[PDB]
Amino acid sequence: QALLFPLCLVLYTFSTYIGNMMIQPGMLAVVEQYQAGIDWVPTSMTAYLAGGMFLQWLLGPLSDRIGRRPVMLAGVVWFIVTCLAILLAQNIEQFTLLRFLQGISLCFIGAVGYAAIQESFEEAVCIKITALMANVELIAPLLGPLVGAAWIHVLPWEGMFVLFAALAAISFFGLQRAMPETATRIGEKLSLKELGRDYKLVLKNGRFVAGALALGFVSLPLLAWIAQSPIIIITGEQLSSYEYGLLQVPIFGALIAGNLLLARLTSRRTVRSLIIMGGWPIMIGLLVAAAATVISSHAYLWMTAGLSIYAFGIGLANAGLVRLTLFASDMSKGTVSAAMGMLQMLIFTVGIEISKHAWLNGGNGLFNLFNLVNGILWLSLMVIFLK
């Protein structure tokens, strides 16, 4: 009778995710409205993700000391305010700063929201909620760009931010009445020296770092495609909004297909064999995209096929590498999760920006060549990581 709590956390999580996914196709309308160059399109996502890594390391220990309730509720409010505030941005620089401020809201989901879930419910009921949250993460990158392309076809980009704020408001009120206080160290002081030392400690573990870096590198081509596909397809190939959306279907559908095969194979395959199994489509897909576009710069259908094959591999291999990276360090899971989360976002932010310059200077060929080296770096780390 009190399932309002995990339900409203799912709603909030969903809203921060479309806070990125719906926005990207709208970015072409944003830069036209500010009369800014196309180079600002991928940067919207870069700033959002950079904000997502800013406070990651702090919120867990802090909410443990002052309460999961006030910290979680504060994050929801912060998202509401920054979503509305971007309506007042006067140039693309100001717009990009607010994307960064919005992205900080991402830190509250894992470090305090999910921490509260694990502390409240039975381990059997905890699996049901976790699975549901995983479903949302899988559905957002498919539906997001589709709904976002449909939105700006009829409605202003500003309207999307009003929608994000509204969904988060509903989420606030449910959390305000249903979230219990579960923080275990209320009243205790926080030492930033002890906290910083815990992070130096996790980063000393070479096998943990290899796994965490590998997760960043291997996912980068997907994230770069989310960031840049509007300018690649619409301004680069001179195609329509409809085709932009159509090309998302084989890519994110393959990702889903990869995850469903994972579920069917899990009882009769170890984590290690699934990573190796995914490596074939990961490497072949990225090779196909690169070879085709070097031969012919405008072979965007070959590019899309290569990325779908690669995306299938990710669906099969990623969750297993997450699990193994998590247990590669014997330290507290709060510290480990936050560390691996920050390492992968560091790669995403820097990688998208490199990817942007690669595309601007050399087109689809360079875009896909850079994705290929990221695949090679994942593979290089797995030869070491797996033993």
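One rule holds for the numbers: they count along the sequence shown, beginning at 1.
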Where do the C-alpha atoms have the higher mean temperature factor in this entry, in 105-113 or in 284-292?
105-113
Comparing 49-57 with 354-362, the higher average Cα temperature factor in the PDB entry belongs to 49-57
When you compare the CA B-factors of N91, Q118, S273, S229 as listed in the entry, which one comes out on top?
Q118
Quick one: which of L372, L9, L379, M22 has the biggest Cα B-factor according to the entry?
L9
Chain-wide C-alpha B factor ranking for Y34, given as lowest, middle or highest third
middle
Lowest, middle or highest third of the chain for the C-alpha temperature factor of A319?
middle
For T335, the third of its chain by CA B-factor is the middle
Going by the recorded CA B-factors, say which third of the chain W225 sits in, lowest, middle or highest.
lowest
In terms of the chain's CA B-factor thirds, is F161 lowest, middle or highest?
middle
